[PDB]
$ cat protein-v4.pdb   # PDB, C-alpha atoms
ATOM      1  CA  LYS A   1      44.168  -5.825   0.102  1.00  0.00           C
ATOM      2  CA  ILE A   2      41.665  -8.659  -0.220  1.00  0.00           C
ATOM      3  CA  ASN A   3      41.227 -11.437  -2.779  1.00  0.00           C
ATOM      4  CA  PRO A   4      38.122 -13.250  -3.857  1.00  0.00           C
ATOM      5  CA  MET A   5      39.725 -16.320  -2.399  1.00  0.00           C
ATOM      6  CA  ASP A   6      39.794 -14.814   1.065  1.00  0.00           C
ATOM      7  CA  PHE A   7      36.026 -15.003   1.045  1.00  0.00           C
ATOM      8  CA  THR A   8      36.033 -18.748   0.831  1.00  0.00           C
ATOM      9  CA  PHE A   9      38.801 -18.879   3.419  1.00  0.00           C
ATOM     10  CA  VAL A  10      36.506 -17.053   5.825  1.00  0.00           C
ATOM     11  CA  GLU A  11      33.443 -19.072   4.812  1.00  0.00           C
ATOM     12  CA  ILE A  12      35.449 -22.145   5.494  1.00  0.00           C
ATOM     13  CA  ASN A  13      36.357 -21.358   9.070  1.00  0.00           C
ATOM     14  CA  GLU A  14      32.819 -20.183   9.595  1.00  0.00           C
ATOM     15  CA  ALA A  15      31.963 -23.717   8.637  1.00  0.00           C
ATOM     16  CA  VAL A  16      34.796 -25.198  10.630  1.00  0.00           C
ATOM     17  CA  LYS A  17      33.796 -23.491  13.826  1.00  0.00           C
ATOM     18  CA  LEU A  18      30.131 -24.444  13.508  1.00  0.00           C
ATOM     19  CA  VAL A  19      31.361 -28.032  13.371  1.00  0.00           C
ATOM     20  CA  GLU A  20      33.744 -27.194  16.229  1.00  0.00           C
ATOM     21  CA  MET A  21      30.799 -26.042  18.402  1.00  0.00           C
ATOM     22  CA  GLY A  22      28.773 -29.088  17.392  1.00  0.00           C
ATOM     23  CA  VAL A  23      25.928 -27.203  15.677  1.00  0.00           C
ATOM     24  CA  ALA A  24      26.338 -28.960  12.313  1.00  0.00           C
ATOM     25  CA  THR A  25      28.465 -31.700  10.709  1.00  0.00           C
ATOM     26  CA  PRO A  26      31.111 -31.314   7.994  1.00  0.00           C
ATOM     27  CA  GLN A  27      28.613 -33.156   5.786  1.00  0.00           C
ATOM     28  CA  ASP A  28      25.283 -31.365   5.995  1.00  0.00           C
ATOM     29  CA  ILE A  29      27.416 -28.296   5.407  1.00  0.00           C
ATOM     30  CA  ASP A  30      29.277 -29.563   2.343  1.00  0.00           C
ATOM     31  CA  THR A  31      26.142 -30.978   0.729  1.00  0.00           C
ATOM     32  CA  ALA A  32      23.858 -28.031   1.383  1.00  0.00           C
ATOM     33  CA  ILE A  33      26.557 -25.757  -0.019  1.00  0.00           C
ATOM     34  CA  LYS A  34      27.221 -27.956  -3.024  1.00  0.00           C
ATOM     35  CA  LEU A  35      23.530 -28.514  -3.659  1.00  0.00           C
ATOM     36  CA  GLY A  36      22.169 -25.114  -2.671  1.00  0.00           C
ATOM     37  CA  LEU A  37      25.146 -23.206  -4.064  1.00  0.00           C
ATOM     38  CA  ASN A  38      25.532 -25.517  -7.016  1.00  0.00           C
ATOM     39  CA  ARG A  39      29.319 -25.837  -6.793  1.00  0.00           C
ATOM     40  CA  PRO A  40      31.723 -28.849  -6.820  1.00  0.00           C
ATOM     41  CA  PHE A  41      33.454 -28.716  -3.405  1.00  0.00           C
ATOM     42  CA  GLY A  42      31.902 -27.904  -0.080  1.00  0.00           C
ATOM     43  CA  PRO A  43      33.756 -25.877   2.600  1.00  0.00           C
ATOM     44  CA  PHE A  44      35.530 -28.962   3.877  1.00  0.00           C
ATOM     45  CA  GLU A  45      36.688 -30.734   0.686  1.00  0.00           C
ATOM     46  CA  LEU A  46      37.717 -27.247  -0.269  1.00  0.00           C
ATOM     47  CA  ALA A  47      39.594 -27.061   3.026  1.00  0.00           C
ATOM     48  CA  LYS A  48      41.071 -30.510   2.374  1.00  0.00           C
ATOM     49  CA  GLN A  49      42.036 -29.361  -1.124  1.00  0.00           C
ATOM     50  CA  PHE A  50      43.780 -26.215   0.251  1.00  0.00           C
ATOM     51  CA  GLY A  51      45.256 -27.307   3.577  1.00  0.00           C
ATOM     52  CA  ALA A  52      44.713 -26.264   7.180  1.00  0.00           C
ATOM     53  CA  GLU A  53      48.254 -24.877   7.159  1.00  0.00           C
ATOM     54  CA  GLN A  54      47.647 -22.420   4.300  1.00  0.00           C
ATOM     55  CA  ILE A  55      44.207 -21.116   5.211  1.00  0.00           C
ATOM     56  CA  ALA A  56      45.211 -20.314   8.777  1.00  0.00           C
ATOM     57  CA  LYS A  57      48.427 -18.471   7.961  1.00  0.00           C
ATOM     58  CA  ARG A  58      46.207 -16.409   5.685  1.00  0.00           C
ATOM     59  CA  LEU A  59      43.324 -15.964   8.131  1.00  0.00           C
ATOM     60  CA  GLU A  60      45.933 -14.779  10.621  1.00  0.00           C
ATOM     61  CA  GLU A  61      47.002 -12.038   8.272  1.00  0.00           C
ATOM     62  CA  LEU A  62      43.371 -10.844   8.065  1.00  0.00           C
ATOM     63  CA  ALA A  63      42.809 -11.005  11.805  1.00  0.00           C
ATOM     64  CA  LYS A  64      45.655  -8.513  12.222  1.00  0.00           C
ATOM     65  CA  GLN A  65      44.263  -6.409   9.410  1.00  0.00           C
ATOM     66  CA  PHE A  66      40.726  -6.275  10.816  1.00  0.00           C
ATOM     67  CA  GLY A  67      40.541  -7.609  14.366  1.00  0.00           C
ATOM     68  CA  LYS A  68      37.020  -8.947  13.935  1.00  0.00           C
ATOM     69  CA  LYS A  69      36.219 -12.334  15.483  1.00  0.00           C
ATOM     70  CA  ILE A  70      35.156 -13.729  12.120  1.00  0.00           C
ATOM     71  CA  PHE A  71      38.648 -13.528  10.615  1.00  0.00           C
ATOM     72  CA  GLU A  72      40.478 -15.257  13.433  1.00  0.00           C
ATOM     73  CA  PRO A  73      41.529 -18.819  12.450  1.00  0.00           C
ATOM     74  CA  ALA A  74      39.639 -21.785  13.921  1.00  0.00           C
ATOM     75  CA  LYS A  75      41.858 -23.937  16.144  1.00  0.00           C
ATOM     76  CA  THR A  76      40.926 -27.059  14.150  1.00  0.00           C
ATOM     77  CA  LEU A  77      42.869 -25.304  11.380  1.00  0.00           C
ATOM     78  CA  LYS A  78      45.652 -23.352  13.127  1.00  0.00           C
ATOM     79  CA  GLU A  79      46.687 -26.782  14.461  1.00  0.00           C
ATOM     80  CA  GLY A  80      46.069 -28.946  11.398  1.00  0.00           C
ATOM     81  CA  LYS A  81      43.898 -31.447  13.285  1.00  0.00           C
ATOM     82  CA  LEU A  82      41.366 -30.970  10.470  1.00  0.00           C
ATOM     83  CA  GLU A  83      41.242 -34.565   9.442  1.00  0.00           C
ATOM     84  CA  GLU A  84      40.387 -36.039  12.817  1.00  0.00           C
ATOM     85  CA  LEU A  85      37.601 -33.451  12.911  1.00  0.00           C
ATOM     86  CA  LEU A  86      35.819 -34.771   9.858  1.00  0.00           C
ATOM     87  CA  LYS A  87      35.931 -38.030  11.837  1.00  0.00           C
ATOM     88  CA  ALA A  88      33.737 -36.382  14.537  1.00  0.00           C
ATOM     89  CA  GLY A  89      30.634 -35.488  12.504  1.00  0.00           C
ATOM     90  CA  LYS A  90      31.455 -38.218   9.976  1.00  0.00           C
ATOM     91  CA  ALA A  91      32.421 -41.092  12.334  1.00  0.00           C
ATOM     92  CA  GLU A  92      29.614 -40.810  14.961  1.00  0.00           C
TER
ATOM     93  CA  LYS B   1      38.740  -1.918  -1.382  1.00  0.00           C
ATOM     94  CA  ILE B   2      36.946  -4.275   0.989  1.00  0.00           C
ATOM     95  CA  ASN B   3      35.469  -3.812   4.462  1.00  0.00           C
ATOM     96  CA  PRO B   4      35.014  -6.298   7.238  1.00  0.00           C
ATOM     97  CA  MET B   5      31.327  -5.748   6.774  1.00  0.00           C
ATOM     98  CA  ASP B   6      31.433  -7.041   3.226  1.00  0.00           C
ATOM     99  CA  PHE B   7      32.234 -10.437   4.661  1.00  0.00           C
ATOM    100  CA  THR B   8      28.941 -10.663   6.443  1.00  0.00           C
ATOM    101  CA  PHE B   9      27.196  -9.295   3.367  1.00  0.00           C
ATOM    102  CA  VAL B  10      28.571 -12.233   1.400  1.00  0.00           C
ATOM    103  CA  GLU B  11      27.899 -14.727   4.195  1.00  0.00           C
ATOM    104  CA  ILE B  12      24.381 -13.481   4.234  1.00  0.00           C
ATOM    105  CA  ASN B  13      23.586 -14.131   0.604  1.00  0.00           C
ATOM    106  CA  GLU B  14      25.361 -17.436   0.920  1.00  0.00           C
ATOM    107  CA  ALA B  15      22.743 -18.100   3.535  1.00  0.00           C
ATOM    108  CA  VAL B  16      19.979 -16.536   1.509  1.00  0.00           C
ATOM    109  CA  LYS B  17      20.635 -18.658  -1.523  1.00  0.00           C
ATOM    110  CA  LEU B  18      20.828 -21.900   0.451  1.00  0.00           C
ATOM    111  CA  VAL B  19      17.336 -21.045   1.667  1.00  0.00           C
ATOM    112  CA  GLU B  20      16.466 -20.055  -1.912  1.00  0.00           C
ATOM    113  CA  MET B  21      17.483 -23.536  -3.166  1.00  0.00           C
ATOM    114  CA  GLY B  22      15.621 -25.187  -0.301  1.00  0.00           C
ATOM    115  CA  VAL B  23      18.652 -26.847   1.325  1.00  0.00           C
ATOM    116  CA  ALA B  24      18.162 -25.188   4.727  1.00  0.00           C
ATOM    117  CA  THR B  25      15.723 -22.825   6.479  1.00  0.00           C
ATOM    118  CA  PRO B  26      16.358 -19.247   7.630  1.00  0.00           C
ATOM    119  CA  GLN B  27      16.124 -20.705  11.141  1.00  0.00           C
ATOM    120  CA  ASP B  28      18.512 -23.635  11.381  1.00  0.00           C
ATOM    121  CA  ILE B  29      20.935 -21.199   9.796  1.00  0.00           C
ATOM    122  CA  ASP B  30      20.407 -18.321  12.224  1.00  0.00           C
ATOM    123  CA  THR B  31      20.510 -20.570  15.285  1.00  0.00           C
ATOM    124  CA  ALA B  32      23.512 -22.649  14.289  1.00  0.00           C
ATOM    125  CA  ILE B  33      25.364 -19.425  13.519  1.00  0.00           C
ATOM    126  CA  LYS B  34      24.283 -17.729  16.723  1.00  0.00           C
ATOM    127  CA  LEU B  35      24.951 -20.824  18.800  1.00  0.00           C
ATOM    128  CA  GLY B  36      28.006 -22.178  17.004  1.00  0.00           C
ATOM    129  CA  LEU B  37      29.454 -18.738  16.286  1.00  0.00           C
ATOM    130  CA  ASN B  38      28.326 -17.325  19.592  1.00  0.00           C
ATOM    131  CA  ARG B  39      26.990 -14.043  18.200  1.00  0.00           C
ATOM    132  CA  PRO B  40      23.677 -12.130  18.661  1.00  0.00           C
ATOM    133  CA  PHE B  41      22.141 -12.027  15.153  1.00  0.00           C
ATOM    134  CA  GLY B  42      22.087 -14.778  12.593  1.00  0.00           C
ATOM    135  CA  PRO B  43      22.485 -14.085   8.840  1.00  0.00           C
ATOM    136  CA  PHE B  44      18.804 -13.305   8.472  1.00  0.00           C
ATOM    137  CA  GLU B  45      18.048 -11.048  11.472  1.00  0.00           C
ATOM    138  CA  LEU B  46      21.259  -9.411  10.404  1.00  0.00           C
ATOM    139  CA  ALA B  47      19.776  -9.120   6.922  1.00  0.00           C
ATOM    140  CA  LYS B  48      16.528  -7.811   8.417  1.00  0.00           C
ATOM    141  CA  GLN B  49      18.557  -5.344  10.488  1.00  0.00           C
ATOM    142  CA  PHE B  50      20.451  -4.094   7.377  1.00  0.00           C
ATOM    143  CA  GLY B  51      17.911  -4.286   4.559  1.00  0.00           C
ATOM    144  CA  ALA B  52      17.709  -6.230   1.311  1.00  0.00           C
ATOM    145  CA  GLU B  53      18.058  -2.918  -0.523  1.00  0.00           C
ATOM    146  CA  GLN B  54      21.437  -2.025   1.014  1.00  0.00           C
ATOM    147  CA  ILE B  55      23.166  -5.396   0.918  1.00  0.00           C
ATOM    148  CA  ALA B  56      22.365  -5.953  -2.744  1.00  0.00           C
ATOM    149  CA  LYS B  57      23.490  -2.552  -3.998  1.00  0.00           C
ATOM    150  CA  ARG B  58      26.719  -3.394  -2.204  1.00  0.00           C
ATOM    151  CA  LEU B  59      26.988  -6.997  -3.404  1.00  0.00           C
ATOM    152  CA  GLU B  60      26.502  -5.617  -6.906  1.00  0.00           C
ATOM    153  CA  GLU B  61      29.528  -3.411  -6.510  1.00  0.00           C
ATOM    154  CA  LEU B  62      31.603  -6.484  -5.561  1.00  0.00           C
ATOM    155  CA  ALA B  63      30.275  -8.608  -8.399  1.00  0.00           C
ATOM    156  CA  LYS B  64      31.640  -6.012 -10.825  1.00  0.00           C
ATOM    157  CA  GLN B  65      34.886  -5.875  -8.898  1.00  0.00           C
ATOM    158  CA  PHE B  66      35.412  -9.647  -8.867  1.00  0.00           C
ATOM    159  CA  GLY B  67      33.000 -11.452 -11.178  1.00  0.00           C
ATOM    160  CA  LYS B  68      32.849 -14.548  -8.996  1.00  0.00           C
ATOM    161  CA  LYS B  69      29.459 -16.225  -8.545  1.00  0.00           C
ATOM    162  CA  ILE B  70      29.671 -15.859  -4.776  1.00  0.00           C
ATOM    163  CA  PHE B  71      29.493 -12.057  -4.851  1.00  0.00           C
ATOM    164  CA  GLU B  72      26.470 -11.769  -7.100  1.00  0.00           C
ATOM    165  CA  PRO B  73      23.347 -10.710  -5.129  1.00  0.00           C
ATOM    166  CA  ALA B  74      20.641 -13.297  -4.408  1.00  0.00           C
ATOM    167  CA  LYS B  75      17.349 -12.441  -6.119  1.00  0.00           C
ATOM    168  CA  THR B  76      15.488 -12.694  -2.793  1.00  0.00           C
ATOM    169  CA  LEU B  77      17.553  -9.607  -1.935  1.00  0.00           C
ATOM    170  CA  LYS B  78      17.976  -7.685  -5.211  1.00  0.00           C
ATOM    171  CA  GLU B  79      14.153  -7.623  -5.215  1.00  0.00           C
ATOM    172  CA  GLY B  80      13.453  -7.052  -1.524  1.00  0.00           C
ATOM    173  CA  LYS B  81      11.090 -10.030  -1.248  1.00  0.00           C
ATOM    174  CA  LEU B  82      13.165 -11.058   1.785  1.00  0.00           C
ATOM    175  CA  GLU B  83      10.330 -11.039   4.225  1.00  0.00           C
ATOM    176  CA  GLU B  84       8.025 -13.383   2.357  1.00  0.00           C
ATOM    177  CA  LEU B  85      11.031 -15.705   2.158  1.00  0.00           C
ATOM    178  CA  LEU B  86      11.384 -16.112   5.893  1.00  0.00           C
ATOM    179  CA  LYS B  87       7.722 -17.142   5.607  1.00  0.00           C
ATOM    180  CA  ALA B  88       8.807 -20.130   3.437  1.00  0.00           C
ATOM    181  CA  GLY B  89      11.125 -21.971   5.844  1.00  0.00           C
ATOM    182  CA  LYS B  90       9.358 -20.384   8.822  1.00  0.00           C
ATOM    183  CA  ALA B  91       5.689 -20.775   7.753  1.00  0.00           C
ATOM    184  CA  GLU B  92       5.729 -24.402   6.447  1.00  0.00           C
TER
END
$ encode --input "protein-v4.pdb" --output "structure tokens"
Amino acid sequence: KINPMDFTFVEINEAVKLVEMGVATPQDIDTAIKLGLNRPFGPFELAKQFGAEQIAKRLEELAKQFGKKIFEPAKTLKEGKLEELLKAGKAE
Amino acid sequence: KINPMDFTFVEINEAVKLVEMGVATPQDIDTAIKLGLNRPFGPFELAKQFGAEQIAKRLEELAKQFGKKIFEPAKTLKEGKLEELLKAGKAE
């Protein structure tokens, strides 16, 4: 049974993985979302708000439920190294 | 009751609206998704594949179910003007 919140959990790791594959930065993502989507927290601040720990555990659950690639938790998350990752697109 | 497919329906109009608010183009989106997410069709070809008509009708359903902003169908879609929209970020 799915929540509305699961949809931002999945959006988030969509975002995460893009950043993981180097096709975008945490920033252009957050801003375009915030600006385009007119909301207060982009995927990543959202992620920071929530916690890598929580979102993954949850994404796991869904991966079992569905077995689609999209639901499987980004490694950035499943291993909490989120913060060093912002460093990547943010640092240089 | 939600399907796995609903998650790409919502991703799509996430994408759509970004493009609607001018913060990205249909292209940088499709490619970053395809490249970063290593899949065959970006949000928009996906959308083209499916049809503005179908995705909206469906997004509607979810908006009633949840009443979160994220689920409400982009106007680009709910009015099928999808194709002229690719023109925007694609044309100039």
$ resolve_selection --input "protein-v4.pdb" --expression "the PyMOL selection byres ((chain B) within 8 of (chain A))" --output "count of residues only"
22
$ axis_aligned_box --input "protein-v4.pdb" --around "segment 69-76 of chain B" --padding-each-side "8 Å" --output "JSON"
{"center_x": 22.6, "center_y": -13.5, "center_z": -5.7, "size_x": 30.2, "size_y": 21.5, "size_z": 21.8}
$ atom_distance --input "protein-v4.pdb" --atom1 "atom CA of residue 45 of chain B" --atom2 "atom CA of residue 86 of chain B"
10.1 Å
$ resolve_selection --input "protein-v4.pdb" --expression "the PyMOL selection byres ((chain B and resi 53-60) around 9)" --output "ChimeraX atom specification"
/B:6,9-10,12-13,47,50-52,61-65,71-75,77-80
$ atom_distance --input "protein-v4.pdb" --atom1 "atom CA of residue 76 of chain A" --atom2 "atom CA of residue 46 of chain A"
14.8 Å
$ atom_distance --input "protein-v4.pdb" --atom1 "atom CA of residue 30 of chain A" --atom2 "atom CA of residue 44 of chain A"
6.5 Å
$ closest_residue --input "protein-v4.pdb" --among "A:48, A:89, A:82, A:40" --to "residue 27 of chain A" --atoms "only C-alpha atoms"
A:89
